[PDB]
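Protein chains in written order, with this note's numbering: chain A, 1 to 99; chain B, 100 to 379; chain C, 380 to 659; chain D, 660 to 696; chain E, 697 to 733; chain F, 734 to 782; chain G, 783 to 1020; chain H, 1021 to 1258; chain I, 1259 to 1496.
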Amino acid sequence: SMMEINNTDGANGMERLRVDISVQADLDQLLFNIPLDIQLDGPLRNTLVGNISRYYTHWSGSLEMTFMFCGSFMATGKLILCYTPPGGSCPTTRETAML
Amino acid sequence: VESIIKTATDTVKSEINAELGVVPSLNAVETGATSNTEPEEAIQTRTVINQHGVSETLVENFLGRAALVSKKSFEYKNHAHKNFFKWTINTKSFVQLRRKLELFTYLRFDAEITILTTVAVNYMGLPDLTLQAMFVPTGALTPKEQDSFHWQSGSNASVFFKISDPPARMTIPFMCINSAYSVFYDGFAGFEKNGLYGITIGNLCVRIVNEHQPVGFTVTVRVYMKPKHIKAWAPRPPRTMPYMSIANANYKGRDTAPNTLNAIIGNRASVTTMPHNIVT
Amino acid sequence: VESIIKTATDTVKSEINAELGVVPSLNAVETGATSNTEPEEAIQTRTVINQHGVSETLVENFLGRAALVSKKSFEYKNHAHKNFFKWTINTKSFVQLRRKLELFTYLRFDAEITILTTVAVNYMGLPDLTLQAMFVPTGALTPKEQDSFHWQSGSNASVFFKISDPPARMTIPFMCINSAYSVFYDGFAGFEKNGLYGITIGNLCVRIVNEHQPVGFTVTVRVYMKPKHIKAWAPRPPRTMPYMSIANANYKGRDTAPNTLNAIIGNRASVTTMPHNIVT
Amino acid sequence: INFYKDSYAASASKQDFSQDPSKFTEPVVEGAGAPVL
Amino acid sequence: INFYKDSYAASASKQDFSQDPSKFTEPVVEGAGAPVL
Amino acid sequence: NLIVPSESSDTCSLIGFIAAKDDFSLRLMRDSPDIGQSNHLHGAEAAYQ
Amino acid sequence: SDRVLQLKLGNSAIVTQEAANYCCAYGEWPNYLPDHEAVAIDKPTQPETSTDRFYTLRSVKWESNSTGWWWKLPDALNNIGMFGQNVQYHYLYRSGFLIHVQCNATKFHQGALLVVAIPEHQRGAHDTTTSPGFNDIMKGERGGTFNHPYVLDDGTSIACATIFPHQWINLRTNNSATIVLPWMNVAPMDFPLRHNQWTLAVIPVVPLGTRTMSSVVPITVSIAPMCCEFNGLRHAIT
Amino acid sequence: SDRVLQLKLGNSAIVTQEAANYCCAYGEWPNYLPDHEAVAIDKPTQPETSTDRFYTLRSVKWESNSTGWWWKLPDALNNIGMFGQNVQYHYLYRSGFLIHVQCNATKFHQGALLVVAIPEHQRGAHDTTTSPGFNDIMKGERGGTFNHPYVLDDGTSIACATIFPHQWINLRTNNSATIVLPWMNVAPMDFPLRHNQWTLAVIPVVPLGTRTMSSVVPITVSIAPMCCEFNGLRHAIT
Amino acid sequence: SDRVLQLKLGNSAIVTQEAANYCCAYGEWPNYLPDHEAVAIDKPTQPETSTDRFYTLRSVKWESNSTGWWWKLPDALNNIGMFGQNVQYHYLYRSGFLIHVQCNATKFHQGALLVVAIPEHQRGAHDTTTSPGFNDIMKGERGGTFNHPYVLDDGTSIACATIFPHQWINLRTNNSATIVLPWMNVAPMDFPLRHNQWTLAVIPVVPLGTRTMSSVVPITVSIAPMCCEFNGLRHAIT
Ligand SMILES: Cc1cc(CCCOc2c(C)cc(-c3noc(C(F)(F)F)n3)cc2C)on1
Ligand SMILES: Cc1cc(CCCOc2c(C)cc(-c3noc(C(F)(F)F)n3)cc2C)on1
């Protein structure tokens, strides 16, 4: 189900369900991150997995995030999605996230 | 396709991959199918014999909990709700139960009903009153008074219980005229257009059989329902906007996030802002 | 090594000993091993068929006793703790239970919970009130008022009981996210440094479901816990200094022996003084 | 078991461990790592 | 025995009579009355 | 980088989805913090009339 | 080879060269009512080809600020062709549906439509305690539009709507969606004029966009009832 | 022949000619995590020789008025060599430990050190209700010292500390202690930066004494992780 | 079906939908050092997943007047992640490499990059008798650029560079190149800090061009060491 990744002021309704990315001027740009809070309100809370899990207290298992690019056919690009196990601060550079 | 699952699936060790024409991590959301990428195909995994049980998420258990469906308090005294009340049965009055039931489109289940009673003086002690809960099906006559003939309950099912006894309890069979209850109904109740849109079991009539005392008391009856022998069909998007009516799905949303019609999830500064970031 | 022991070991008759190179009574504490000198090797023994059972010291029994883990009294009246309380569950508040649990490092067990209730007037008689104990797991919303929606308990487990009934009782399964409970934790709760050192089950919320009476009463709820189906690991040095906090092992010691930080055992005149010497 | 004469009065049925997620996760007609298109 | 459906609801288990003291009394690698050194 | 020609929108959207795999497991049921009630719902009291 | 598809029912056929496989609601497939599940005892009429065929409704224009569209079944078809006639002349009906939503644009266009078949989609009114009226629900061939697609006009959420049988039309990927719906109800048959089993919702989660020549981008819905059966013949409730 | 011993792991080796046999905590021995006990599904890294080797910490001076020393594992090593690197780059770790405490003097010296490996040694603060702070607990390679060894700084007692895996260094008898520690936890793996499985405590129950030439008598600790495994690779939390 | 490819090593994976098959340098494939070819007698550490994974370096911008870029292995990675750590803590290393260079544009863009892995690419200085200096050679993650790509900055020629393991990224055809490099040396292992086995060179033989909207076209390099082995453990030469 859809993650409300764009949960920001100024984004209303469905605008909150899509993340807009544009042609960059700089390299290795950070586009966005996703708080993995299922207990604390966040992009994952109002999802099928999120909603049902919140009826329980303990969880175990792998999750999967799928992103669908909805630009035009003539649009191209390569992105890197990184999952960082806990321990430190959320990475802000690709050099770090990439690890 | 179908199979018996008693524990979470195990994980198999996976090796390095570099195969042409094979791209397990690529998918097509447009098909309507959920990604079928296995962990073993996305990264190198080890072997794991997973013994985690999956019993607690069985529908029978998920819905198998007694929940408050009705709560009514009235005055037990000399009325010169007159020492009894009539409740048009419904399962849409209390949000906790309602939301769970509404996670499904259709539900077939027998209902275990438990009735809890409490009393308070309006102090000389609490009376151990006798009550009668009578199930008056659709079309039957409902009591007009605390002592009307209706209470002789010749065919209706009645249960008499004392306040000092454990809560009363009985099972209501799955009683729909269909193979399952319609948790949602995208239709009208009658053949005319003025009918009611969306969404009859009957009336639960409860009275105190004791005549009134010299003083007044407040009596509260709480009814709980626990579905069992459950079968469910077609899961649905969970309710997010606060409920407004027991008669419909009307919505308005909270005044401020979360759960405002404008934004279900509360806001964060930006899409690159990590809310509870660890500052080591 | 491992074996089934149902009774104390027997004793075998031993003879005179005068063997060179054999010194059973000599040991080396430095090895970390306890002396392995048998009575038969230290003195001349007779044969004894020992039938003393060893059941009472089975861990299952040693810890298998209902102990007070929580005690709370509040005012049941018109509050114009408002007729209910919320307790953040822990097993470190009462020393008797605490000390026994702390004789082990890790413990795996199911917990039998018993709830005892008593009431006293603030005399016209004692009301047979109905209470509701609701287990609110970590992350769930706790009741804000005696009658807030939280009490409809649609998924949380609740138990309703009357003061006139026997104490309420149910079993809480071993619910740790690990294979065993950590009686001691040499670590921090969070990823940041400001976290709490040492040592979440949830909250036990108890309310009186009856509306308030014309007069006030004091209601006391005592909760007892009895572990069962017990498995224990790594025994530990028993607590000697009085406890100070439920949140840590901080110590100060009594003002005077015994159990003062300075001396655990009370003093005697000298190492050659026999305290309760028999003066025949 | 059940001492009442009506079977619907019986206790809960917590033994139905069968399931078929695919009816929700893969409701597509045409069924590895090959391009889904 | 146990009339509840969950096995953890059962009564106490007072039949585990096995034990191995040596894991606490003799945790030394190299195992009579001969000098321990 | 995201590269597009002149006639394509130079700002595109992504939609993110999430799901559990079959190795998932949930325990210890509790009431969801996602729904609450402050008053009677409209019509709830009229059920007694 | 799963991007190409032809559907043929009765005297109607549809092809698409940019499909995304196709969905079979809950993995089921339409079928006639078996004797061991039947209730109405009168011998039913099974029109086959005159009712089990594609009916194309009027198109809608996908605009930059569109909120989404919906069509309720069988209401949307209760007045079209022989299907509509049988529905008007019979008290009871039963059928599956083959849904094909179509929308094409340019390789310079972007946009994504969620095409979902919602069973028993009971609508809710916004900011009022009054339940939706007859005209708010029964739109017929024209269908209606969403006021608050974000919550599917029922207080839930479009985010989790994927729990229902669906597909998407992502312009850079495909130009049509196909969903096969079996009979969905708690009864073997139903009265077609006062109850809708399914609701077809087409919502633009990602708005239509482009920098090329602007042109009208329509969305068209074609629906074909399947395995139709009718019982309780009488006069027509036109 | 149990007074002589050589330990060899990776590129490191230690010998002692005055040992007292050696202790295997709870009679166990380190081993890798078996599939039927595993939780983290990512394939782990087993560095072997680069991490499973002896690391020698800075020595401490045994003084006439010393109260005792302690080192928490894995904290004491979280910043040493390749072991430390793996720990900083991985969220999860797992390992046993081979502990070798060494202290020699003269046949004219006397003193006895209790060398005990305490599982989950949760410290307590003295005469205050405030729980110990981060810096009170995480000392790293330097380790800490006991304030009230008599009660093991936790309100219990050193007298009963022998219930834990241990050995003694009694100067007239031996000059080293060796303890092999298996993985000790309620979980198959753990986060190395916020939790210490074992605490090595060296306490002088019998003070150092002699009437001969006075000289500095050091106590040295060498620890070798065993069967190291790491999961949850990411950047380093230096 | 050879235009689509997924590479998976450790906790990293890469896919490409516009590949050009992929090259296996000299038809070989990485493998661990066999006993009959070994020299260093100490037991090696084989980190596997913590080192054998994709590391992505900072991107470079492909400009109209670019001359080309290069990265030397293992120098480029000697300071990245656990690979870098092992390299700093060990005297000897050995490994293959999986190279994936990526660059996408538009169907209106043109340009062709020669992506070649040069073994022992010993650079030469231009118009001077003085040999290149340390800083001229060791660029680390940033890599360097060609001064005279025409002669591969070594007096030879890019025209014949195809004699080395390579692929091309011709914008109208593909958007990535993949080269699998086995261990290439005259010795079974080597000291990672003073010698580079391979040099990854990406040279624009056909400049980037287009008449459509101008945008930054990056070139990104991701390298994954394979079958890593390390010997000669000591302190880190940071
Ligand atoms: C939709 C839908 C409909 C249902 C059925 C709810 C049935 O519950 C009622 C019924 C039928 C009977 C009683 C009842 N209370 O007391 C008695 C007795 F008197 F017969 F014992 N019956 C209480 C409720 C809430 O569940 N979901
Ligand atoms: C550490 C550690 C943790 C534990 C678990 C103690 C569990 O006990 C609690 C729990 C979980 C539930 C109740 C409880 N009381 O009432 C209910 C009911 F309402 F669910 F019945 N649950 C009471 C205590 C003390 O034991 N040692």
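Every residue, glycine too, gets a C-beta built ideally from N, C-alpha and C.
Contact check for residue 1104 (chain H) against residue 1221 (chain H) fails: the beta carbons are separated by 8 Å or more. Per DSSP, the unbroken alpha helix (DSSP H) holding residue 141 (chain B) starts and ends at 138-141. Beta-bridge partners of residue 630 (chain C) (DSSP): H:1146. Chain order gives the chain G residues near residue 681 (chain D) as 809, where near means a beta carbon separation below 9 Å. For a Cβ distance threshold of 7 Å, residue set 13, 14 of chain A lies close to residue 932 (chain G), ordered along the chain. Distances from the CA of residue 740 (chain F) to each of A:11, A:73, A:91, A:93 were compared; the closest alpha carbon is that of A:73. DSSP, read as helix, strand or coil, puts residue 811 (chain G) in coil.
Against residue 1056 (chain H), the close residues of chain B are 148, in the order they occur along the chain (beta-carbon pairs closer than 7 Å).
Ranking H:1183, H:1155, H:1227, H:1053 by CA distance to the CA of residue 1132 (chain H) puts H:1227 first. As DSSP reads the structure, residue 707 (chain E) sits in no beta bridge. For residue 721 (chain E), there is no enclosing beta strand (DSSP E); the enclosing alpha helix (DSSP H) covers residues 718-721. DSSP places residue 618 (chain C) in the coil class of the three-state scheme, outside both helix and strand. Around the beta carbon of residue 293 (chain B), a 10 Å sphere encloses fewer than 16 other beta carbons of the protein chains shown; the residue is thus reported as exposed. For residue 39 (chain A), the chain C residues whose C-beta falls within less than 7 Å of its own C-beta are 518, listed in chain order. If you check the CB distance, residue 1000 (chain G) and residue 842 (chain G) come in under 8 Å.
Shortest gap from the CB of residue 537 (chain C) to any heavy atom of ligand 2: under 7 Å. For residue 1119 (chain H), the closest of H:1102, H:1127, H:1138 by C-alpha to C-alpha distance is H:1138.
Excluding residues up to 5 positions away in sequence, 1143, 1144, 1146, 1166, 1167 lie with their Cβ nearer than 8 Å to the Cβ of residue 1173 (chain H) in the same chain.
Scanning the region 183-223 of chain B for uninterrupted alpha helix (DSSP H) segments of 4 residues or longer gives 194-200, listed from N- to C-terminal end. DSSP places residue 1101 (chain H) in the uninterrupted alpha helix (DSSP H) bounded by 1101-1109. The Cβ atoms of residue 1260 (chain I) and residue 119 (chain B) sit closer than 8 Å to each other.
Chain-order list of chain B residues neighbouring residue 676 (chain D): 103, 104, 105, by C-beta distance under 7 Å. By the rule that beta-carbons nearer than 8 Å mark a contact, residue 528 (chain C) touches chain F. Of F:756, F:775, F:776, F:771, the smallest CA-CA separation from residue 107 (chain B) is found for F:756. Among the residues of chain F, those whose CB is under 9 Å from the CB of residue 3 (chain A) are 748, 749, 750, 751, following chain order.
Collapsing the DSSP output to three states places residue 298 (chain B) in coil. The straight-line gap separating the alpha-carbon atoms of residue 559 (chain C) and residue 608 (chain C) is approximately 12 Å. Taking the Cα positions, residue 4 (chain A) is about 13 Å away from residue 933 (chain G). In this structure, residue 273 (chain B) lies near residue 209 (chain B), with their beta-carbon atoms less than 8 Å apart. Annotated three-state conformation of residue 367 (chain B) is strand, per DSSP.
Between residue 845 (chain G) and residue 896 (chain G), the alpha-carbon positions lie close to 15 Å from each other. Secondary structure at residue 161 (chain B): helix, using DSSP grouped into helix, strand and coil.
Closest option to residue 1150 (chain H), judged by alpha-carbon separation, among C:605, C:630, C:498: C:630. Approximately 4 Å separates the beta-carbon atoms of residue 121 (chain B) and residue 692 (chain D); this is inside 8 Å, confirming the contact. According to DSSP, residue 1186 (chain H) shares a beta bridge with H:1136.
Among the residues facing chain B, residue 1159 (chain H) is not included, as its CB has no counterpart in that chain under 8 Å away.
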